[PDB]
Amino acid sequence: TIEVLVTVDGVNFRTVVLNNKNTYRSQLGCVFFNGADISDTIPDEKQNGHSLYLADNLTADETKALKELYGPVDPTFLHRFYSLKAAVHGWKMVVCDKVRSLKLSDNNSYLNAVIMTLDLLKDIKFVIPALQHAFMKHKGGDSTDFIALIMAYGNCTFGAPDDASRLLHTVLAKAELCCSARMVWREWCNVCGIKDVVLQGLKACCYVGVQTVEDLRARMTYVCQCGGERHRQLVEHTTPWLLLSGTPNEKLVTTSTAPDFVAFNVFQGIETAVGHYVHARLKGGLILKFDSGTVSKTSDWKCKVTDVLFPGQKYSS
């Protein structure tokens, strides 16, 4: 019989003594040993004295640590996170002129678009310790934790195609801004009156529904609750960057127009079927397309832009 160290955080460990008459799961639970799910194996001297990562049948104490480290997650989160980590170990990043981009494999292009976009967001941090740390590692050159984690949080499944735009915003819902951003909407009606609606921080740098800067500022007419026209318009905006997202819509990206944006994502394919994501940036008056490790450049491009990233805003009306 062997002894093994059981932890969920890599800081608190406990000794679990095991025999070799049932599987690890039978005696202990869902466990990973060096990345490998060995739950349905029988314990042997090789694993003696070693540390294991446990996914269910959690201690009361370990659960407390899970919540602190990862926040409130569903019970399957740990299994999904750890397994995704092993599944995705073989994914590769290619680096072009220091820009890192995820090489295409197992329908992961949507992730290449999410990560490459996140890599562009200045002054952001994650509230969840585990996510923040993984992120820092990601920026350190090791992206497995961050990638697996983001899939677990996004409830993605390895190998299955998934929505890029959707994941990007769940991920950001877990982030915070380290600097000051402010955006103010003014709504008005002759009977109800004027209303200032204020957003601060990350909330001030993202908007789903618009893909151009002009449209975000443009005056919007609708009907108020009282039975008349309610108007709405942006009256202040001070941000480090601006992320605008909308449905795959067809357009012409041109550098002659001398665009405002630094980068954008494009959805290639049909929408009722499975497509392909591409990340693109402007540096060089030219659009560099990062097609999942494959790099190409164009002057203009007929494409269906989804996500668009703008620089810092300093606007008053």
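Counting begins at 1, following the sequence as shown.
(request) Between 52 to 60 and 265 to 273, name whichever shows the higher mean Cα B factor according to the PDB entry. (result) Higher of the two, by average CA B-factor, is 265 to 273.
(message) So, looking at the entry's B-factor column for Cα atoms, which has the higher mean, 199 to 207 or 227 to 235?
(response) Comparing averages over the C-alpha atoms only gives 227 to 235.
(request) Tell me which of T221, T76, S83, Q132 tops the list for C-alpha B factor in the record. (result) So the option with the highest C-alpha B-factor is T221.
(message) Please place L309 in the lowest, middle or highest third of its chain according to the CA B-factor in the PDB entry.
(response) Its C-alpha B-factor, which the entry lists for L309, ranks in the lowest third among residues of this chain.
(message) Where does the C-alpha B-factor of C303 rank in its chain, lowest, middle or highest third?
(response) Its C-alpha B-factor belongs to the highest third of this chain's values.
(message) Per the entry's values, where does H169 land by CA temperature factor relative to the rest of its chain, in the lowest, middle or highest third?
(response) Its C-alpha B-factor, which the entry lists for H169, ranks in the lowest third among residues of this chain.
(message) How does the C-alpha B factor of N190 compare with the rest of the chain: lowest, middle or highest third?
(response) Its C-alpha B-factor belongs to the highest third of this chain's values.
(request) Can you work out whether the C-alpha temperature factor of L286 puts it in the lowest, middle or highest third of the chain? (result) CA B-factor rank for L286: highest third.
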